[PDB]
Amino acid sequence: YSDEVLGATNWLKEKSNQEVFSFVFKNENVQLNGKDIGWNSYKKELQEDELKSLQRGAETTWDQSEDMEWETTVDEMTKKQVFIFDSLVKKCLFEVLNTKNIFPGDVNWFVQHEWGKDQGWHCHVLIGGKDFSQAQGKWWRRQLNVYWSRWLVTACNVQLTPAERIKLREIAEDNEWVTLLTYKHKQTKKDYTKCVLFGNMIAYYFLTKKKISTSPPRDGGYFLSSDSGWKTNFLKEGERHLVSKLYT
């Protein structure tokens, strides 16, 4: 019952029933003129001050949440790429908030990077607040995907021609490398945005995942998480499970 665990539990419980959007930021493998662009082909560290700051935050989140009782053999390239993506994902969120003149304190968000059995690296984002309504989901997904595709093409470490860069930009947009949770529906039919309950989804699902500590990563594991209150960021796997237990 450290103050950090109690604080995280209380912060989530107060937001147990807050409706929020659920997004996934992802990438997919691309080959352009024989050039292979994989999940970790986005390793430029762009020298924009905000991005640099966000990347430092990811690094320090990793460092503080690391359990040294146990060895961690995650590849250095994998960590670097995840830190970069954390910065890029957040840059996208913050760009859209600016478009809507949303003061950051009026938003609650949670980010968790995971490795899926089939899709590999992806990043879950929950985000919402008083300035949000369900009907805005589609617009949010589209805007986020604009920024995500733009940043990915800027961060790509593969030497690309201009035609290749443009093609990559259009693939990331057309193939929806940012997804939005909707209710299940028929392909033809309307797709309704499905809000999730912030605190509950975090405590009863995201905090239940196993921490990735190897390369290759364990399927279904998490790399790194953070939230707008800096509440869960530094928690080790064991502490995360204590939060779920106390939350219940």
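Don't overthink the numbering: it's just position in the shown sequence, from 1.
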Per the PDB entry, mean CA B-factor is higher for 35-43 or 61-69, namely for 61-69
Return whichever of 94-102 and 80-88 has the greater mean Cα B factor according to the PDB record. 94-102
Given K209, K194, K189, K26, the residue at which the Cα B factor reaches its maximum: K189
Residue with maximal Cα B-factor (values as given in the PDB entry) among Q112, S149, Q134, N108: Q134
Which third of the chain does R141 land in by C-alpha B-factor: lowest, middle or highest? lowest
Using the temperature factors of the C-alpha atoms in this entry, rank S16 within its chain: lowest, middle or highest third. middle
State the tercile, meaning the lowest, middle or highest third, of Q159 with respect to the CA B-factors recorded for its chain. highest
Could you say whether, by C-alpha temperature factor, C123 belongs to the lowest, middle or highest third of its chain? lowest
Comparing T232 with the other modelled residues of its chain, is its CA B-factor in the lowest, middle or highest third? middle
